[PDB]
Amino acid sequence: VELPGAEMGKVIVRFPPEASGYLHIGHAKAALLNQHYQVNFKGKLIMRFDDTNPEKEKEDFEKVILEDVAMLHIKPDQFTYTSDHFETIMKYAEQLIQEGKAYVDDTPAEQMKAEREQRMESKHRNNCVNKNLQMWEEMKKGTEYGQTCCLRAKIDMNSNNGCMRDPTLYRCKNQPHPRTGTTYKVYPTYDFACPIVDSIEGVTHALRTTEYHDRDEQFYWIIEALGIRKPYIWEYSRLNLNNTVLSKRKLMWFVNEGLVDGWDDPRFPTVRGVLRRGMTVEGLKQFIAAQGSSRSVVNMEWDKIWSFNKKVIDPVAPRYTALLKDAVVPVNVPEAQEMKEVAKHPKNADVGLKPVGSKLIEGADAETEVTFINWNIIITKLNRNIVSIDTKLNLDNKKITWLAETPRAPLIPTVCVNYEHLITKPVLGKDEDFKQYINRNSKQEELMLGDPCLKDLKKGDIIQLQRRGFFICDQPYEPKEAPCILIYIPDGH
């Protein structure tokens, strides 16, 4: 994790998401890495909404994304909007026309694309300055002919880097902007956006994934043409997880086709779904922090992330107990007449202590005789088709959970839930599609019955059922009825 130029109190980084949907696991990495540099260098972290486009971006997701940031426990020092700088950006666009480093172009898109591939020059590239300015005021006044034009930088159509072949800087859009309204009929591209905004806002270290290394040459070009200050660009590897798709489009297919109950479904790779599934922020930051800025294309097994999480939650989760209900058998031990206040984590005493006479067990337990936990039974006989077993007792001697059917503390309606990937093929692609690797049954519910110290579970508490594994309370119990829903936390393999 070596950062060139990084001095204490002088690092300024930014997370620049566009308010067009939910944040996902990939966004969570970019954001957690930025936080890392903010925290380690006592620098500024700027959150900036990319709002250059008046269409796709909606202020409803603005709330969604801020709540997503918060639940990752990321605490930005300043919040901004690209549109805060529309006036400055346009003055730089105009500066460039004036110097002959930009030109306006009405060339139809298909033909523009074909010229770029064959490194050809546009019929407009050599417009004199006043003609460009004429076509520019056309664009600025939102006219029907200007809506067919394009503003382009004058770089190098012979470049090996497609990014240097006269990129578009400004396009014509007649939609009102949410914040600037109808003041502007023309709007900057992202490619003209980052350099100037990162420079005005003082950003020192601009993080990107390796996929966009071609843009750097173009950015430094913009930055040198204007003479503004130049941030470092710092790169890291994007997140390639098996069985996973991130595309907004492909995820909303799962939403419409009703295989997933919403954008925070625990099977979804959104920040919400991952957390609701049992991921902790500490587990995520750790796995992120083991990455640092590794820069390698690598297919990721989710279970590597869930392993870091197991190490987080295991030394702190309290151990309760649950059993089913349609495979349970009554028991009679006649030697105990009422509560033992035993611990809740066998090793760390600081987690707390929980409270636990003559009546249950389960089906699968009813066949595996002379040990109990937090407690050595020797059973009389099994009266048969098993539906009852009675026993005697004695604590002197030598691996079994049980729920006493005491009237004092009755037991809580529980549901254990389990999930697996919606996509059954790990590393899928090679012009294939996911739409036909669907784990068409991806959820199972199993009605159960749990220890009374489950009456008090809050949504988000992480416990450990004994003999089953780690769970997360999806919804609490409340006095029909409403069960305490517990979701199975993958432990990584």
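Numbers for residues come from their place in the sequence shown, where the first is 1.
**Message:** Our gap detector needs a label for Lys359 to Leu360. Which class matches the unmodelled residues of the deposited sequence there: none, 1 to 3, 4 to 9, or 10 or more?
**Reply:** Missing residues, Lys359 to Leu360: 1 to 3.
**Request:** Mind giving me a quick count class for deposited residues absent from the model between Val356 and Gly357? Options are none, 1 to 3, 4 to 9, 10 or more.
**Result:** Gap between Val356 and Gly357: 1 to 3 unmodelled residues.
**Message:** Mean CA temperature factor from the deposited coordinates, higher in 23 to 31 or in 451 to 459?
**Reply:** Result: 451 to 459.
**Request:** Return whichever of 253 to 261 and 205 to 213 has the greater mean Cα B factor according to the PDB record.
**Result:** Of 205 to 213 and 253 to 261, the stretch with the higher C-alpha B-factor average is 253 to 261.
**Prompt:** Taking the Cα B-factors listed in the entry, which of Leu428, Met47, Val39, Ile65 comes out highest?
**Reply:** Checking the PDB record, the top C-alpha B-factor among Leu428, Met47, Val39, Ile65 is at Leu428.
**Asked** Looking at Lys230, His345, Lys311, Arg277, which has the highest Cα B-factor in the entry?
**Response** Out of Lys230, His345, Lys311, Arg277, the record gives the largest C-alpha B-factor to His345.
**Request:** Would you check the entry's CA temperature factor for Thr189 and let me know if it's in the chain's lowest, middle or highest third?
**Result:** Lowest third, going by the recorded CA B-factors of the chain.
**Prompt:** Among the chain's modelled residues, which third holds the C-alpha B-factor of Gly283?
**Reply:** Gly283: CA B-factor falls in the middle third of its chain.
**Prompt:** Going by what the PDB entry lists, where does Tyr145 fall on CA B-factor within its chain: lowest, middle or highest third?
**Reply:** As the PDB entry reports it, the C-alpha B-factor of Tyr145 lands in the middle third of its chain.
**Item:** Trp375 CA temperature factor, ranked by third within the chain
**Value:** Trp375: CA B-factor falls in the highest third of its chain.
**Request:** Compare the C-alpha B factor of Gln466 with those of the other modelled residues in its chain, then answer lowest, middle or highest third.
**Result:** For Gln466, whose C-alpha B-factor we compare with every modelled residue in the chain, the answer is the highest third.
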